[PDB]
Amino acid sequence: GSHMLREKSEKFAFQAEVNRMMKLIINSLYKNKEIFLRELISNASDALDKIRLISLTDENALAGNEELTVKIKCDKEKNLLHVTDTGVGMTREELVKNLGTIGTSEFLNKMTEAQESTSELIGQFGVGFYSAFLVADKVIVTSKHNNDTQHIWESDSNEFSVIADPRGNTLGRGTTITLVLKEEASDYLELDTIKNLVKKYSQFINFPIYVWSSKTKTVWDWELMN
């Protein structure tokens, strides 16, 4: 049908508090941008813990994807950086709610008072996802939860939209965070750069983290980072 598209029912606005949170995060972390990756990996780890917990009581939990991993790949020619986990994933409703709406009050005070380090505060609380906007002009979240069809969440920070993924169920289960890198954040397309950061931020992750890398004549394959 053409109703959903004709009435733009796929477009949403961010909650005021979220807009404020995004600015705070982007303003206070301007000097420590690389931490966006640590945060995305941390979120992936959490999603992996959730499905792991679900599998405990639900025997069919891991059906869509038996592995529990975090895989990262740089697409230098597309100017894209991908962080994929085979965690619990998110349903269409969760994409809207979990990423578009938000201890909120105290955090706003704590962050402001911390600006006027905050790297640890972003981690303690769970709003590190937004640090991605420090290096990306657009952030895309493709997700597949056991109880819904694969969906795509996209945003340039001025609004966000969620749509059914026309590519179908390609993830099996999990989430891929896709960053359309800012022109100045081109270094995150470099394998070694990503490797140094990934290896430096996966040391405390109990799940295996891989980076799609090359070896030498030149062959590509997943390389374990932790």
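We call the rigid core whatever largest set of C-alpha positions still superposes within 1.5 Å between the two forms. Start at 1 and count along the sequence shown; that's the residue number.
Between 30-38 and 64-72, the larger mean CA deviation from the shown form in 9 other deposited structures of this protein, after core superposition, belongs to 30-38. Comparing 92-100 with 150-158 by root mean square Cα distance to the shown form in 9 other deposited structures of this protein, with the rigid core used for the fit, gives 92-100 as the more displaced stretch. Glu77, modelled here, also has coordinates in every other compared entry of this protein that models residues flanking it, well short of the third needed to call it frequently missing. Modelled in this chain, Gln115 is nonetheless absent from a third or more of the other compared entries whose models extend past it on both sides. According to the entry, the deposited sequence places 1 to 3 unmodelled residues between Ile102 and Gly103. Counting the unmodelled positions of the deposited sequence between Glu77 and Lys78 gives zero. The stretch with the higher mean CA B factor, choosing between 128-136 and 106-114, is 106-114. Between 58-66 and 171-179, it is 58-66 that carries the larger average Cα temperature factor according to the deposited entry. Taking the PDB entry at face value, the top CA B factor among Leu95, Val88, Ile122, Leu81 belongs to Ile122.
Highest C-alpha temperature factor among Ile26, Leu48, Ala185, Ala164, as the PDB entry reports it: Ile26. Compared with the other modelled residues of the chain, the Cα B-factor recorded for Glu34 ranks in the middle third. In this PDB entry, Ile41 carries a Cα temperature factor that places it within the lowest third of its chain's modelled residues.
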